[PDB]
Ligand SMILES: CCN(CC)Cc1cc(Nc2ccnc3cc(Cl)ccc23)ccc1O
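Only one chain is included here, represented as C-alpha cells and corresponding to the form solved without this ligand.
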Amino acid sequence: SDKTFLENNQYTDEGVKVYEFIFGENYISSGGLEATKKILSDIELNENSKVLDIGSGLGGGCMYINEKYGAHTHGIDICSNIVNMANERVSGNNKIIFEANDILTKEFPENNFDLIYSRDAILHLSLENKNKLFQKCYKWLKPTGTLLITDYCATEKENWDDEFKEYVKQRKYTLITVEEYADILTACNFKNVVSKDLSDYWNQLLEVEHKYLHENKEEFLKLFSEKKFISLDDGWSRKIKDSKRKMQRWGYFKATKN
C-alpha cells in the first residue's frame, strides 16, 4: 500500500524529475550535492567499507560515497520507478547496487555495515515503524559502525497550525521533534547519540534553491508546466517560512553501535 501511494503521488517519474531540477542531478532532497559533502565531511570510510543508504532515491548519495571513499554502497528504495531511474545513472560499477524494496521487510545479516545512511526518507515511516527500523539498523551495523541521518522534524504537534497540519496529512508524513527522534535512537541502544537542529542551515539551502528556481523559471516551464512551477515555488516558500519560525525543523543525527 505504501509503495503504491509513493509511486503514484509524491514520487511519480515527473515528480522525481521536478525535484531533481531544483536539487541538482541525482538528488531529490535538501541541498543536493553540496549538503551531502557537508554531511559526510567528518565520516571516515575506505574501499573496504560497506554502506547502506535507506531511501536511496536517484542514487546521488551512493554515487558520492563510492566516489569519495571507494566504498561498497547498497541503496534501498521502495519506489520501483525511482530505482529504475537510478540504475540508468550508473554503469560498469560493481560496487554500487540499487534495489527496489521496503526497508521494513528487507533482511540483512547482523554486523554487516560500516555506515547506515539516510537522507530525508524516514519521515515517510509511522512512529511505530521508525522504532522498528532503528532496531533493525542497530542489528545491521558492525560493532564499529555509524548511523548517519538527516530527516524532516517539527515542533511539538500542539503548536501546529492549519496549513502545517494539512501539509503533513496530505503527504502522510510522520514528523516528530528532534528530541523525540534522539530518544528513539537512545531507546534502541545506540551510543554517542548526537542530534543537531540544522534548521538554520536548512533555511539557507532552501533560499538558494528558491533563488535558483526563480532565475531558471523559463527553462522550468519548458520542461514542466506553470502549474508545477507554482506548486514547487509555493512549497519552498512555506518551508522557508516554517523553518524560520521553527514550526518545521531539519534534524541531523549521528550515532554508533558501541
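Sequential numbering from 1, following the sequence displayed.
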query: Which of the two stretches, 86-94 or 174-182, shows the higher mean Cα temperature factor in the record?
result: 86-94
message: Please compare 183-191 with 158-166 and name the stretch with the higher mean C-alpha B-factor in the deposited structure.
response: 158-166
message: In terms of recorded Cα temperature factor, pick the maximum from 136, 106, 124, 130.
response: 106
- prompt: Lowest, middle or highest third: where is residue 250 by Cα B-factor in its chain?
  reply: lowest
message: Quick check for you: using the entry's CA B-factors within this chain, is residue 207 in the lowest, middle or highest third?
response: highest
message: Sorting by Cα B-factor within the chain, modelled residues only, which third would residue 144 end up in: lowest, middle or highest?
response: middle
task: Classify residue 196 as lowest, middle or highest third according to the C-alpha B-factor given in the PDB entry, relative to its own chain.
output: lowest
- request: Please place residue 221 in the lowest, middle or highest third of its chain by C-alpha B factor as given in the entry.
  value: highest
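What comes next is about the form deposited with this ligand bound, which is not displayed.
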query: in the bound PDB entry, does each residue in the set 130, 180 and 197 place a non-hydrogen atom within 4.5 angstroms of this ligand?
result: no
- request: Only one of 47, 226, 34, 67 comes within 4.5 Å of this ligand in the bound PDB entry by heavy atoms, so just point that one out.
  value: 34
- request: Considering this ligand in the bound PDB entry, find the one stretch among 84-92, 181-189, 162-170, 141-149 with heavy atoms no farther than 4.5 Å from it.
  value: 162-170
message: Can you tell me if residue 220 lies within 4.5 angstroms of this ligand in the bound PDB entry, counting non-hydrogen atoms only?
response: no
message: Check residue 230 for me: does it contact this ligand in the bound PDB entry (non-hydrogen atoms, 4.5 angstroms)?
response: no
message: in the bound PDB entry, does residue 205 come within 4.5 Å of this ligand, counting heavy atoms only?
response: yes
query: Do residue 249 and this ligand come within 4.5 Å of each other in the bound PDB entry, heavy atoms counted?
result: no
